[PDB]
Amino acid sequence: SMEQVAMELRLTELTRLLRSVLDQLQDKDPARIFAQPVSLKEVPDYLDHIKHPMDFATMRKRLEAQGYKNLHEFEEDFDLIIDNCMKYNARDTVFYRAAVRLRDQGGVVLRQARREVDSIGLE
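As summarised from the PDB record, the model derives from X-ray crystallography at a stated resolution of 1.71 Å.

Here it is as structure tokens:
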């Protein structure tokens, strides 16, 4: 049916958009600060303060497994990455400043992705 065709087209187009967003976000982090989960050997107290850890590898795994229903769910995981980094690290640190940089750049990319969801009619 055409309802199935439209649903499958919205799924594949949202996936294409989210993959482009995630690639642009990762390209802005060549130091790989947000690429992978934090090592508990290097940071033993991380889970004493961060209850819901998040990183770009976890997001990519969720994206490619069809785990994001809409752009808002993807935005929530990106905000978790930024917020956890700003909560764990003191403000006068290279890691907190990297989160502020990615929050600036990421906000612009995500608002452009919202304009594309609206233009395409994805949600």
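(A) Focus on the overall build of the protein chain. Scanning the protein chain for helices and strands turns up five helices and zero strands. Start at the N end of the protein chain and walk to the C end: the helices and strands fall as α-α-α-α-α. With the C-alpha coordinates aligned to their principal axes, the bounding extent of the protein chain is approximately 55 × 25 × 20 Å. Burial status across the protein chain gives 33% buried among its 123 residues. Taking the intrachain contacts of the protein chain between residues at least 6 apart in sequence as the baseline, contacts between residues at least 24 apart amount to 66%. Working note: accessible area of the protein chain is about 7900 Å², and carbon and sulfur atoms make up 53% of it. The average position of the 19 basic charges and that of the 22 acidic charges among the side chains of the protein chain differ by 3 Å.

(B) Just the nonpolar core, in detail. In terms of nonpolar packing, the biggest core is built from 28 residues, with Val21, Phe34, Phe56, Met59, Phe74 and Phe78 touching the most fellow members. Setting aside its immediate chain neighbours within four residues, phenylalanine 78 contacts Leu25, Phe56, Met59, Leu102, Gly106 and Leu110.

(C) Expanded view of helix 1 (residues 2–27). Taking 1.5 Å of rise per residue, 26 residues should cover 38 Å, and helix 1 covers 37 Å from first to last C-alpha, within 8% of that figure. Of all the positions in helix 1, only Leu14, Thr15, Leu17, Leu18, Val21, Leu22 and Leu25 are classed as buried. Where the residues of helix 1 are buried, they touch helix 3 (56–64), helix 4 (71–88) and helix 5 (94–120).

(D) Quick look at helix 4. If you check helix 4, its first and last C-alpha atoms are 26 Å apart, about what 18 residues at 1.5 Å a residue would give, namely 26 Å. Those residues of helix 4 lying buried are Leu71, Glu73, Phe74, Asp77, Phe78, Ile81, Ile82, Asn84, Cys85 and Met86. In this fold, the buried residues of helix 4 make contact with helix 1, helix 2 (46–49), helix 3 and helix 5. The opening residue of helix 4 is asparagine 70, an N-cap whose side-chain oxygen sits 3.2 Å from the backbone nitrogen of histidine 72.

(E) Representation of unusual backbone geometry. Of note in the backbone geometry, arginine 32 takes a positive phi value of approximately 55° without being a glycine. Turning to its location among the elements, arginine 32 is positioned in the loop between helix 1 and helix 2. If you check the backbone angles, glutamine 66 has positive phi at about 65° while not being a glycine. Relative to the elements of secondary structure, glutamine 66 occurs in the loop between helix 3 and helix 4.

Definitions and limits used
- Residues numbered from 1 in each chain as written, not as in the entry; some residues may be left out.
- Heavy atoms only, no water.
- Helix = DSSP H or I, 4+ residues; strand = E, 2+ residues; numbered from the N terminus.
- Buried < 20%, exposed > 50% of the residue type's maximum accessible area, 1.4 Å probe, protein only.
- Contact = heavy atoms within 4.5 Å.
- Areas by Shrake-Rupley, 256 points an atom, 1.4 Å probe, with all protein chains shown as cover.
- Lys, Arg positive; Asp, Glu negative; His and termini not counted.
- Charge placed at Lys NZ, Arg CZ, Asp CG, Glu CD.
- Core = buried A, V, L, I, M, F, W, Y, C linked by side-chain atoms within 4.5 Å.
- Expected span 1.5 Å × (residues − 1).
- Polar contact = N/O pair within 3.5 Å; in protein donor to acceptor, adjacent residues only side chain to side chain.

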